[PDB]
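Structure, as structure tokens:
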Amino acid sequence: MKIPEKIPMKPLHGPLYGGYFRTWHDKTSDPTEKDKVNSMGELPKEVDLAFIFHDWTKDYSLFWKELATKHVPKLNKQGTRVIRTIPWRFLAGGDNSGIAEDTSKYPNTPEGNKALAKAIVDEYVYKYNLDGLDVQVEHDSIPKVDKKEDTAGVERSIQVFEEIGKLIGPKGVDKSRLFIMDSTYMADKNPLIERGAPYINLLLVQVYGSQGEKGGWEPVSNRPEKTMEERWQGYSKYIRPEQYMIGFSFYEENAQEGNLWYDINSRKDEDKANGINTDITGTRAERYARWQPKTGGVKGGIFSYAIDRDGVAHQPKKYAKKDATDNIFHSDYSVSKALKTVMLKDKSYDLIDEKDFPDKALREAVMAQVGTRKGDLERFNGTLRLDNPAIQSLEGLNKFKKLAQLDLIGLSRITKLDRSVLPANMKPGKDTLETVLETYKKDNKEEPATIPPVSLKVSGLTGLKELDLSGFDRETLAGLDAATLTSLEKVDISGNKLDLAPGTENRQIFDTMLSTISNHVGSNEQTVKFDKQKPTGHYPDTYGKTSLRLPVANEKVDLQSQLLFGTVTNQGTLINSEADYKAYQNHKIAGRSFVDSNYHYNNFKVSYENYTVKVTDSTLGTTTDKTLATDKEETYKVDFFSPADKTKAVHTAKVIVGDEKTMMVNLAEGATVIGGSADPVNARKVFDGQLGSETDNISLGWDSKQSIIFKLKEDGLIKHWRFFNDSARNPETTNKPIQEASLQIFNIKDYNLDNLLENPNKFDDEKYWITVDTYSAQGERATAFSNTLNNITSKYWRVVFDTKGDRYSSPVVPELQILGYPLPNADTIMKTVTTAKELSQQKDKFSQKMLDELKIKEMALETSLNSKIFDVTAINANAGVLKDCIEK
Ligand SMILES: [Ca+2]
Numbered sequence: 098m099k100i101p102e103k104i105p106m107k108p109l110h111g112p113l114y115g116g117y118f119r120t121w122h123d124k125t126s127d128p129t130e131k132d133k134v135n136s137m138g139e140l141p142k143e144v145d146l147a148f149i150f151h152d153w154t155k156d157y158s159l160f161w162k163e164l165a166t167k168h169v170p171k172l173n174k175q176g177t178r179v180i181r182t183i184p185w186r187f188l189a190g191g192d193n194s195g196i197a198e199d200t201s202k203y204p205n206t207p208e209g210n211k212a213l214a215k216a217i218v219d220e221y222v223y224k225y226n227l228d229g230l231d232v233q234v235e236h237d238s239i240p241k242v243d244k245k246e247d248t249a250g251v252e253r254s255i256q257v258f259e260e261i262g263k264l265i266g267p268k269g270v271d272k273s274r275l276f277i278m279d280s281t282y283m284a285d286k287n288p289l290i291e292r293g294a295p296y297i298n299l300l301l302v303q304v305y306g307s308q309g310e311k312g313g314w315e316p317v318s319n320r321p322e323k324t325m326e327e328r329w330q331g332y333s334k335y336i337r338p339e340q341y342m343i344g345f346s347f348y349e350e351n352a353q354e355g356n357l358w359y360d361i362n363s364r365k366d367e368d369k370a371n372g373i374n375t376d377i378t379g380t381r382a383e384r385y386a387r388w389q390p391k392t393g394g395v396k397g398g399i400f401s402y403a404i405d406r407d408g409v410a411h412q413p414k415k416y417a418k423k424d425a426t427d428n429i430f431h432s433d434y435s436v437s438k439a440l441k442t443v444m445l446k447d448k449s450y451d452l453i454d455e456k457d458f459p460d461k462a463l464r465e466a467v468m469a470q471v472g473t474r475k476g477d478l479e480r481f482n483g484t485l486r487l488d489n490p491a492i493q494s495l496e497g498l499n500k501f502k503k504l505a506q507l508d509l510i511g512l513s514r515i516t517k518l519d520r521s522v523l524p525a526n527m528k529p530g531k532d533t534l535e536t537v538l539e540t541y542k543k544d545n546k547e548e549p550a551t552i553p554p555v556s557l558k559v560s561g562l563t564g565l566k567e568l569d570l571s572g573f574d575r576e577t578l579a580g581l582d583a584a585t586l587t588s589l590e591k592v593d594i595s596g597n598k599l600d601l602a603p604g605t606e607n608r609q610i611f612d613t614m615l616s617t618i619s620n621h622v623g624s625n626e627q628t629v630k631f632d633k634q635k636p637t638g639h640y641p642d643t644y645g646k647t648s649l650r651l652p653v654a655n656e657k658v659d660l661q662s663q664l665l666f667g668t669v670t671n672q673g674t675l676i677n678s679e680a681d682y683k684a685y686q687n688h689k690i691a692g693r694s695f696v697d698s699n700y701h702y703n704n705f706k707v708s709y710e711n712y713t714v715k716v717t718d719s720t721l722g723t724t725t726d727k728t729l730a731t732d733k734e735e736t737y738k739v740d741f742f743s744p745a746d747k748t749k750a751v752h753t754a755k756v757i758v759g760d761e762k763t764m765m766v767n768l769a770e771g772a773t774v775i776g777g778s779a780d781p782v783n784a785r786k787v788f789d790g791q792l793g794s795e796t797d798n799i800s801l802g803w804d805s806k807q808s809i810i811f812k813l814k815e816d817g818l819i820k821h822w823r824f825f826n827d828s829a830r831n832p833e834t835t836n837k838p839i840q841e842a843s844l845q846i847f848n849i850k851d852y853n854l855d856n857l858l859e860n861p862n863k864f865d866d867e868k869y870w871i872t873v874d875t876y877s878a879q880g881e882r883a884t885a886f887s888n889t890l891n892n893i894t895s896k897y898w899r900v901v902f903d904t905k906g907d908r909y910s911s912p913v914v915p916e917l918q919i920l921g922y923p924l925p926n927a928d929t930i931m932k933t934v935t936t937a938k939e940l941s942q943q944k945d946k947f948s949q950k951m952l953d954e955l956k957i958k959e960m961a962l963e964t965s966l967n968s969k970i971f972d973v974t975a976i977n978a979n980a981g982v983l984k985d986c987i988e989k
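Just so you know, the sequence shown maps onto residues 98 to 418, 423 to 989 in the entry's author numbering.
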């Protein structure tokens, strides 16, 4: 085989069209077949990139000869590059890797990977003098070991990809050979793109079918996902828009169910004898030819899979479950030529020239930093840094529609900056580009995206005489290095959204410009304009009122109006009230207000209307009413929540109505279950400090009545209890409510605790317990019950929950709370109260004076034990005084 000398070709210049020609459809591939009438050499000049798509199980030696000696020179002569496509798995060792199976020649070392890269280009590029290499990064081609996807192989393939890139592609020794990646992944899922992208000329992404085009519908957000724009946005982090190409597929003969894309037109149902349709009209392919990113810039182009089937009509969708469309036809590549013709009609590709930017230094910066196409000006949303002091005119900058950041640095020749020489997105606005794709909504009309206004940095413009930023609704002056604008004689920043209050960053920038103008030409209403501001109101980051004290009275207070208020500017000025906003309007600059006279407190302030609250009382009962009635003496914790997160409080405050009461803790959280006729694993979830999910089974057991025997973790003085019905967890629960309940404490004065602990089931009867409260349901919907309890002291408890229902009406209780204050030795303390009471009865043994004295000490202890503010210290003190008086 004499390999002919490479015919030189011009540099790649978009928009480009590529196509994947299947080797088993070249007529030279397998002489023994009759149906094979196509030839890769016949691809027309409209094809920029002809990819060889081969079946690795096949030899086709005669095709390789025809390809190397005939197709490549013919195709190169007309401008078409021929690219060899290989799978991901060739770039590491493992199953079916081919060259890398030789582990002695190509070990997984730096020398070995380098050797492997060379072997790969030697074989797939230079052997037939081809124009490039295309690696398929698709999960079907991933490295495997013993049919298992292999992490070591994936990591290896990245290093090998880099080594191939040192040989070919834009960073390689031989830049005349292209290095291409084609991928089915979204960028954030593609393991090779981060380290691989600097080495490739182009990235091809397959987007066949309606789902490639529109994305998929996601029902629980009611929104498309993986849309064409989203796939591009992910890749935009790694490659330039001109390197991006999107692909559709032709109809493959005999295609199966998961390979039916309908990207080109179908055979007419009744046109049974027609296998052909070369019409581009209304095809996904023709929409792809015209599609452009809404941001970044205009695309590299499009490609097709199975170009050997160009013009073959798609099999009708009806028969997707013997068609003319399944025959083999000789293509003339009419569809490909028509799609290239559509792209060449796209004026987005006209070159940026001296009519866009007449200043050659500015024009050169744009071309270097932005791109070379007029369509890029409409889309580019990154940074343009203009720090070449040669720049003498900024004419043209208004052609930027979406630029994110503009730096004007040291441009000492520039004498004026205003609307006419600044980006079109100095002011707010929405996307005006229109989609050419189908969408899931009405008439393919999507919600225009907001364009963020450009951020502007200006420093060292020492020749600048006029700065007019008027009427742009600018949010800040941040970026204006005022101390360096030493020539300024006129400034207008009126009609923006600037907070210019004394002390702010904006005011400091302004005052600096003001001194400069004042010293040059004088500050007056002509040379200095700054009013009609409408500064944006934001939510403060934190809130300062963390306590509210209210008398007991017949009133209702709005917690939000009392606790959660305030609007702040982006400059940090806080306006808590109408009064503050009046004082803000009071601010004068050279005698006049800077705030717009039509911008009142109501247009400025943020709204707290959809904020929510959780109000928790001293006994841990909860409501969500924004309004609190003050007729009851009670102490509360109040949490406020943004609509954006009903789980993270943005502010918390304590509200005290009447005299402060200590918040109780739930003394039964973490309680230990030791008995009761009822599932111990579920029983414990009544103590787990959460309602639970309705995914979790929290049923106590089978029959309708269930006990739980338990021990508190800590010694406490118990003053309340609460249990929840299942409706507290799910309001729609089919679980009946507790009709009957009993809370009981163990009778350690008639029975031995050691007996309870040794056989808890023996003790699972009322006779051995003392009932301290009983609930019987009134009838109406109640998500919970709570009741006071009188200074109960007990380590061991029993609870009985009964739904009173029939079979399958299991008591379901999200949580059981036993509330109090912790109090170590509480039994001992209450035992002394009990002894003092006993003594006070022995009216023959003790005189009235002894008893009166003992009474005073008993009262002092009782007073402290029930004090609103609970104090273990004072309780302990009074308890020792009473114990002493007990002797005797
Ligand atoms: Ca629970």
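For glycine and all other residues, C-beta sits at the position ideal for the given N, C-alpha and C.
Please confirm whether residue i and residue j have their CB atoms less than 8 Å apart.
i, j, result
"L301", "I336", "no"
"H821", "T731", "no"
"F501", "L478", "yes"
"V537", "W388", "yes"
"residue 1052", "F118", "With the chain running from 98 to 989 in the structure shown, residue 1052 is simply not present."
"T904", "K837", "yes"
"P170", "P240", "no"
"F573", "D632", "no"
"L568", "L589", "yes"
"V234", "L289", "yes"
Just grab the DSSP bridge partners of residue i for me.
i, result
"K657", "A730"
"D271", "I265"
"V134", "Paired residue(s): none; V134 is not in a bridge."
"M342", "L301 and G398"
"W898", "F811 and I846"
"residue 419", "There are no atomic positions for residue 419 here, as the chain continues from 418 directly to 423."
"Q634", "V696"
"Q506", "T484 and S556"
"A750", "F742"
"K806", "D903"
Measuring from the CB of residue i, is there a heavy atom of ligand 1 at a distance below 7 Å?
i, result
"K786", "yes"
"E916", "yes"
"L485", "no"
"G777", "no"
"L792", "yes"
"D874", "no"
"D582", "no"
"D544", "no"
"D780", "no"
"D985", "no"
Contact check, residue i vs residue j under 8 Å by CB: the rounded distance?
i, j, result
"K896", "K812", "6 Å"
"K244", "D192", "7 Å"
"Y296", "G266", "5 Å"
"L818", "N892", "6 Å"
"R480", "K446", "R480 to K446, Cβ: 19 Å. No contact."
"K448", "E143", "Not really, about 19 Å apart at Cβ, beyond 8 Å."
"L940", "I987", "7 Å"
For residue i, I'd like the list of residues in its chain whose CB is within less than 6 Å of its CB, leaving aside the five on either flank, ordered along the chain.
i, result
"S136", "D123 and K124"
"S843", "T872, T875 and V901"
"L570", "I594"
"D424", "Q412"
Once you ignore the five residues that flank residue i on each side, which residues in its own chain have a CB closer than 7 Å to its CB?
i, result
"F160", "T120, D123, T125 and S126"
"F276", "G229, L230, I261, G262, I265, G266, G269, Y296, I297 and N298"
Leaving out five residues on either side along the sequence, give the residues of the same chain with a beta carbon under 8 Å from the beta carbon of residue i.
i, result
"residue 420", "Residue numbering in the chain jumps from 418 to 423; residue 420, which lies between, is not modelled."
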